């Protein structure tokens, strides 16, 4: 690997603007009381894409990484022919994050969570002796599991039992990757809660979800790939959202590109989408409100079971936090759409038929967004549209593959006892 310099950056509290050094794994500005994201301010103001050998890290100028890891792949962006003609769009670009070797997409875990995994794991110290803790609906978990296993990084995953089928792998994992689950019936936020209980134990630290600049700047490489491929900033960004981290990241990528100057100065409009009937962020945005409406916990867990796109069901997303999704929608004049399971299933067939690879339900929600937006006359036919296919190639990939599944060492009730969880996760890594 090449003579690589850790990326220079400082941190900025979005709420105030306070600028300060990252002491390592800062996930908030401790001088700020309001909930606020921090954002990386990169010293390399102008993006210089490294050669392809760098894989995902070809974008490291704007990633908070101290090292590179082997075997990464970057988002692939290409101009659509099938889908574009079907929609009458002249400038439709697909940014594909998954397994589709024909176009050069080699994210073998089949989602853009690989950008999160490779970026976050590269931000961490390699002397780090604490166990990294990650909660996921499935896709983030599969990404960190692979990367952390390949690189002997201690990782505790918190995935809901109902989602553990997502934890498939070509080969048995390293024993440095351990998994615990919230019981059958719980959803992703229940898994967050289990992971926050486990974090009460010494020797464990949190990935932090959307609070981790590595996760956002990792995800933002879809937009970097798109802009550096197309040669300008798109007019529309379509992405199904569960936490909205990738939409926040897209916005942040847009701002950095504008500060860069060489690609124009327009602001990409965010077109984000949720799977009915789990549509809390959509409902709040339709209300013009920074506050999430009231969502009775049992109903939300049922709605989470109903939707096809299981990664889309987050009860506690970075919606209202300063710098979060509400702020990004307001800043980009963005729009929020809903897709039914039915629309999503049609969208998946459509994409397979016209672009030649299978995609996740979640990506199908975004595709459905696009179809409905176009049909409503919202998209100029010459508009530059980035469709972010956040996951694809699972069928394609599992084809004639013996798969190995990560199963939980412990399954806990929805409100576990702190003592039990702590003593068990402690035991897990001793």
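Numbering follows the first chain given and starts at 1.
Trainee: Taking the mean of the C-alpha B-factors per stretch from the entry, tell me the winner out of 413-421 and 12-20.
Mentor: Stretch with the greater average CA B-factor: 413-421.
Trainee: Select between 127-135 and 150-158 the stretch whose C-alpha atoms have the higher average B-factor in the entry.
Mentor: Averaged over C-alpha atoms, the B-factors run higher in 127-135.
Trainee: Which has the highest CA B-factor per the PDB entry: 31, 36, 46, 390?
Mentor: Answer, based on the entry's C-alpha B-factors: 46.
Trainee: Based on the PDB record, which member of 252, 308, 190, 260 exhibits the highest Cα temperature factor?
Mentor: Spelled out: the listed residue with the top C-alpha B-factor is 190.
Trainee: Within this chain's modelled residues, let me know which third the CA B factor of residue 247 belongs to: lowest, middle or highest.
Mentor: Lowest third, going by the recorded CA B-factors of the chain.
Trainee: Among the modelled residues of its chain, does the C-alpha B-factor of residue 106 lie in the lowest, middle or highest third?
Mentor: As the PDB entry reports it, the C-alpha B-factor of residue 106 lands in the highest third of its chain.
Trainee: Going by the recorded CA B-factors, say which third of the chain residue 55 sits in, lowest, middle or highest.
Mentor: It falls in the middle third of the chain.
Trainee: Which third of the chain does residue 203 land in by C-alpha B-factor: lowest, middle or highest?
Mentor: Middle third.
Trainee: Give the position of residue 398 by CA B-factor within its chain, expressed as the lowest, middle or highest third.
Mentor: For residue 398, the deposited C-alpha B-factor lands in the highest third.
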